[PDB]
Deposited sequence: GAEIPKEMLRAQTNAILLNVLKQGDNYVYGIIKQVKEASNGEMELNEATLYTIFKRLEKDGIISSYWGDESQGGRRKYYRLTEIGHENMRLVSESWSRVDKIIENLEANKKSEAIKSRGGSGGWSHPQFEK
């Protein structure tokens, strides 16, 4: 079985990437990840609220109300964290390909 730490890391990376594509709300993110995973990954609302609480506390994202619906955005510094995260994950992929 996959370590829970690993699953959490993957979920974090995917959610940050969704918000990089644009500000979004929980149900909208779930829909986008379900589609992008071809049905494979159906995230739970409560899982996102846990993760976003941490990311908001850390200043990586912030929230705001729409026209009552909560939208999330990467912060200015969150965009930097996203860039470093993206680079590290691309680096992993390149390492794995060389090892095979």
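**Student:** In sequence order, which parts of the deposited sequence are missing C-alpha coordinates?
**Tutor:** According to the deposited record, C-alpha coordinates are absent for 1-2, 70-74, 108-131, which together make up the missing parts.
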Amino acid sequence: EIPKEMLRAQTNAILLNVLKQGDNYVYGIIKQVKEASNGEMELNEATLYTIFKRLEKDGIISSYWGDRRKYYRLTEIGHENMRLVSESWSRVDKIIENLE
From here on, numbers count along this sequence of modelled residues.
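**Student:** Mean CA B-factor: is it higher for 34-42 or for 69-77?
**Tutor:** It is 34-42.
**Student:** So where's residue 19 on the chain's Cα temperature factor ranking, which third?
**Tutor:** Its C-alpha B-factor belongs to the lowest third of this chain's values.
**Student:** Taking the chain's C-alpha temperature factors as the reference, tell me which third residue 11 falls into: lowest, middle or highest.
**Tutor:** As the PDB entry reports it, the C-alpha B-factor of residue 11 lands in the lowest third of its chain.
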